[PDB]
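For reference, the structure discussed in these notes is given below.
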Amino acid sequence: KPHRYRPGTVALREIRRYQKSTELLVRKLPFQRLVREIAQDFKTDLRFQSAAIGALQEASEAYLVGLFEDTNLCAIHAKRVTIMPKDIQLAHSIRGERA
Amino acid sequence: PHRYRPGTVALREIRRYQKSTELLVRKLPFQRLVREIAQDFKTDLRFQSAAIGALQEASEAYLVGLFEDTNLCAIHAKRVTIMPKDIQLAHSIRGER
Amino acid sequence: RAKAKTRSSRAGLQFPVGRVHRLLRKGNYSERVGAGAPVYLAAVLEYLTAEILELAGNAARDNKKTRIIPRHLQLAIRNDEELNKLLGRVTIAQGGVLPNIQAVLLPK
Amino acid sequence: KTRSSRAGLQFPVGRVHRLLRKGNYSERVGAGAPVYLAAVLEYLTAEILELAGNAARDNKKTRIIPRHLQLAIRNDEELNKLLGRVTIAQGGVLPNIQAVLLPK
Amino acid sequence: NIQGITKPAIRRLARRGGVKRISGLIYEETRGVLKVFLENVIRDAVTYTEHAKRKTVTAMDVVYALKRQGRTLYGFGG
Amino acid sequence: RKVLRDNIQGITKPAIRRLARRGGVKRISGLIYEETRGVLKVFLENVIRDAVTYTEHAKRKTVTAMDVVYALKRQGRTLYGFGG
Amino acid sequence: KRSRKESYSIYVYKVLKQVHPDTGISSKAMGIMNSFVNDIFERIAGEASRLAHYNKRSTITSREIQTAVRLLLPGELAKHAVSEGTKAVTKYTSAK
Amino acid sequence: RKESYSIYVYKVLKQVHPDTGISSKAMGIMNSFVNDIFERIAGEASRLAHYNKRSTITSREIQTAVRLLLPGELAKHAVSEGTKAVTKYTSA
DNA sequence: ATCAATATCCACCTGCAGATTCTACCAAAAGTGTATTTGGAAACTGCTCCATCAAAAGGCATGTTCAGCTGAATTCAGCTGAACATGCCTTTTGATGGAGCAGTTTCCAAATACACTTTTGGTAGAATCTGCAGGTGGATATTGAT
DNA sequence: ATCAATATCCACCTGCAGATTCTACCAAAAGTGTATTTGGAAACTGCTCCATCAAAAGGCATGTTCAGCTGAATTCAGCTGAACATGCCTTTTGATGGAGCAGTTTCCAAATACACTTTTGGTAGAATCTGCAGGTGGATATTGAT
């Protein structure tokens, strides 16, 4: 034909999949590099315990996952289903992260 | 026969009440409500006047803040009228829900 | 002298009363600690451990596993109104999230 | 001869020391800690009082009231971050009206 | 008693918050929020009263309660 | 060693998409990925800054998992599972 | 060349076998559990510290811990934790 | 009975604004400010010492607490003021 | 727009009062001076872990195409909420007495800190055990074209 | 209301990483005997609380009228999702040296712990003074309308 899922169907397949699992979703080595880059621009010659990087990734992903729930609510409140920077900014603002 | 267009006095009241700091809930009804709610936790209680004043100040500051977040949620949905779903959205994002 | 009884056994508890007493004196909470304060606190801590492990073990059962992993802890916390409020600012590493899709997102 | 005059501070070093010992913060308290902490509280107090005196003058007023402490805090990025979970009684809010709500 | 918290008083609070137009169902929604707020704060305060073995809620009992709830108030004892 | 540059871009579009998925998000506008990188970077700066401050104060050169755990507690993002 | 770190794992594991005698716990989940106990311990003790101070009292008694528990825990969790703690204290003072 | 930071707030007021007064409600706000920041600084320095298994809160704990608690450019100045008071104090 | 008219709002002064500021005097902290304790900085150093390296491989990232259906624009009409004048009631305000009651002051018996001297309970690993992660195949759906 | 394409189950299988149990010394509990408190349990103040009582007005409740805002209906350009090809770079296994934690000792500068002597800061009657709130009068803002 070839067969083809309608737009929206694989997206719901993926919500169900990643809401079922708990594994980290950002790749380890790239994230370790981001952390060492931010760290270095704050103090030089720093070393990291591996569990320290792992703790930061766990927290960073729990934060972003939690923010996208709030963002999704703001999109739906606007009668959309597409999250946009307006929504992240509105979520962030009400969260009191930055009013 | 003089009449102001809808929204004009309202903006006027926004400017007036954003300028002042007076409490906007009347003092006695609020004292009634405080004592009624408190009566369900411990009986025959007495309240320092300053305790009632503290609660009314906390409570009006909370509500004024929540109306700001509510207003932002109404604007986010292309409206100028706050609605209960706006208060609900703000209350939820604030992680009080 | 007499044979030694642990203050936990005296208190009827699994959690360590003596250690909880030491952590109170060492934690700079007050000049003095009464004798009942570590007993009462070890009791509350063990009761809460018991309530979480109860619901976690159930989640492990529902998921056909016999070993509690962080997922099971997370499902236990998030699905209980009161643990979820007690821990509403806490992140459980490797816990993931509750399956929840807003209705309006589902195929129309 | 007080420790404040010695540290060159208006804030009471001796009191800040007595409050640290009796506040159950640590077993022991160094000698410079009440000096340091008292200097930090005096500085931040001066910062607020300065900005709030300004807010009084710009209101044709000579007596600082709560509203002027609120306008000093909320109009300063850093004091606002530091005090973002604090309610100043009788301070009110900053004038601010979302553009969308204005006439025409 | 909560109906003593009146529509025009709720209008005034909304106005200080910048609100131009108010739906007719906001007033009951507001009273419900205000009541949860007062229950949470007062419950904590009366728990400080009772701990102190008093019959009088003090302003400090409220200030401590507000601090627990992350709503720190300046002007009544801390 | 070797210069670290532009590593925020290793937070890829598919990784941000998966994170939106766990967050229950069905549709994502094309400007979301750069806003997310920005939000992540502020989050990491603030946590790494406090963690490294706990490190410096202990006169260590190694950032420990405890340093990060304390940093996160400071910020009201308490984390379980690294308290060792 | 030796160094040792305390934990609640022993007592978590006992209470585990009491509630689900068939069920194990992975060290990662035991990690979480250790964080939980230490967290709640600090919240109870910290609130108890403040209570004692507000009342110009230099001693944390079971009465402090109990008010702290009532301030910290919600609803049913507080009622049941207050029961367990009261029961344990009277059992301990009855020398029991 | 019932001590306050009032006279010290008033002294600092006259230094920066010798023309200006302060209402008693405003003075209450300032008292609340000083106790709050005091407890935040003290609380954090307490944690810092416990984390590193020290029994003593020194100005090193106060300074790191300030760095951890104040937005930069208020921590910078606070760190300045605190360092300055400790040297002027030791030199005498 | 710059026509006539309603209300809003804005400055400039003005005088009694409610809060401030300033004077005047007594306990409880704050400062000294001795005489101890002790915490944790300094100095080898054992030994965990961190940074780095190599190398092979497949899971994924990247870019492209293509079109489904979403967001954004436009229109429109019913109807919700604003403005208003009207009229009455609940809030506010305020000396009056009375009383409940925080807050003090005087004890003392129960309870806590202390302090060496003995006993375990718990920790750190070796030793023994076993869920389940991950690989494979059919039910049994689920989806989307016709 | 059907096939076909594809994803999703779900149960059955097997040793490896990861538990659960088995030992073996120390730190840290428990025992016991003295030396300080603590903070209750009474008593009796002085505050500040509640409860009236009675005025007046400021404020709220009520009903009209319509302006304009919300939401429903319709279009459509093009954004974003699905699927594909291609091959890069993360992941995994496994060394290696050596940085830098972490552990023991050893011990002065700095801390607690007294016991006294001065000092300051909190009270409560005394002293001005800032701005509230109320006059006027003058433009400003709004809204109707040749």
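Overview of values
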{"quantity": "Wholly enclosed helices (runs of 4 or more DSSP H) of segment F:1-78 bearing at least 2 residues surrounded by fewer than 22 Cβ atoms within 10 Å (Cβ to Cβ), more than 10 Å from DNA strand I (Cβ to nearest atom) and not aliphatic (A, V, I, L, M)", "calculated": "F:32-57, F:65-74"}
{"quantity": "Count - residues of segment B:29-52 that are facing chain E (nearest Cβ under 7 Å), more than 9 Å from DNA strand I (Cβ to nearest atom) and buried (at least 18 other Cβ atoms within 10 Å of the Cβ)", "calculated": "6"}
{"quantity": "Qualifying position, being among the acidic types (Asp, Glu), within 7 Å of another protein chain (Cβ to nearest Cβ) and touching a helix residue (DSSP H, G or I) at 6+ places or on another chain (Cβ under 6 Å), among B:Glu68, B:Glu13", "calculated": "B:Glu13"}
{"quantity": "Residue tally, condition at the interface with chain A (Cβ under 7 Å from one of its Cβ atoms), more than 9 Å from DNA strand J (Cβ to nearest atom) and either more than 16 Å from A:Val65 (Cα to Cα) or small (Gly, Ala, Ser) (or both), over segment F:25-55", "calculated": "5"}
{"quantity": "Scan of segment A:55-65 for residues that are facing chain F (nearest Cβ under 7 Å) and more than 10 Å from the chain's Cα centre (by Cα), ordered by number", "calculated": "A:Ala55, A:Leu56, A:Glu58, A:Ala59"}
{"quantity": "When residues of segment D:36-65 are limited to those that are β-branched (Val, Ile, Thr) and more than 16 Å from H:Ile37 (Cβ to Cβ), the one farthest from the chain's Cα centre (by Cα)", "calculated": "D:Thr62"}
{"quantity": "Single residue of segment A:13-28 satisfying the filter (within 10 Å of DNA strand I (Cβ to nearest atom) and surrounded by fewer than 17 Cβ atoms within 10 Å (Cβ to Cβ)) that is farthest from C:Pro70 (Cα to Cα)", "calculated": "A:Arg13"}
{"quantity": "Segment H:29-41 residues that are at the interface with chain E (Cβ under 9 Å from one of its Cβ atoms) and without any contact (Cβ under 8 Å) to a residue 24 or more places away in the chain, paired with ones that are part of a helix (DSSP H, G or I) and of a type outside the set (S, T, N, Q) (beta carbon under 6 Å, 6 or more apart)", "calculated": "H:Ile29/D:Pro66; H:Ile29/D:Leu69"}
{"quantity": "Within segment D:10-33, tally of residues that are under 18 Å from the mean Cα position of the chain (by Cα) and crowded, with 24+ Cβ neighbours inside 10 Å", "calculated": "3"}
{"quantity": "Test: residue in segment C:10-33 that is within 12 Å of chain F (Cβ to nearest Cβ) and not hydroxyl-bearing (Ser, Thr, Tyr)", "calculated": "no"}
{"quantity": "Set G:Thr59, G:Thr93, G:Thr67: member being more than 9 Å from chain C (Cβ to nearest Cβ), more than 27 Å from F:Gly84 (Cα to Cα) and either of a type in the set (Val, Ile, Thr) or surrounded by 19 or more Cβ atoms within 10 Å (Cβ to Cβ) (or both)", "calculated": "G:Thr67"}
{"quantity": "From the options G:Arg57, G:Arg43, G:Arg50, G:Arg63, residue that is assigned to a loop (DSSP other than H, G, I, E, B) and not small (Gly, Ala, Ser)", "calculated": "G:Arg57"}
{"quantity": "Residue tally, condition over 23 Å from E:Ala14 (Cβ atoms) and within 12 Å of chain E (Cβ to nearest Cβ), over segment D:48-72", "calculated": "3"}
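A quick yes/no check of all residues on (1) within 13 Å of DNA strand J (Cβ to nearest atom); (2) surrounded by fewer than 18 Cβ atoms within 10 Å (Cβ to Cβ):
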position: B:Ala54; (1), (2): yes, no
position: B:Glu57; (1), (2): no, no
position: B:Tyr62; (1), (2): no, no
position: B:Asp69; (1), (2): no, no
position: B:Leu72; (1), (2): no, no
position: B:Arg79; (1), (2): yes, yes
position: B:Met83; (1), (2): yes, no
position: B:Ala90; (1), (2): no, no
position: B:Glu96; (1), (2): no, yes
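Taken together, the values in this text are just the output of simple stated rules run on the coordinates, not laboratory data. So basically every Cβ, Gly included, is an ideal-geometry build from the backbone, and we count neighbours across all protein chains shown.
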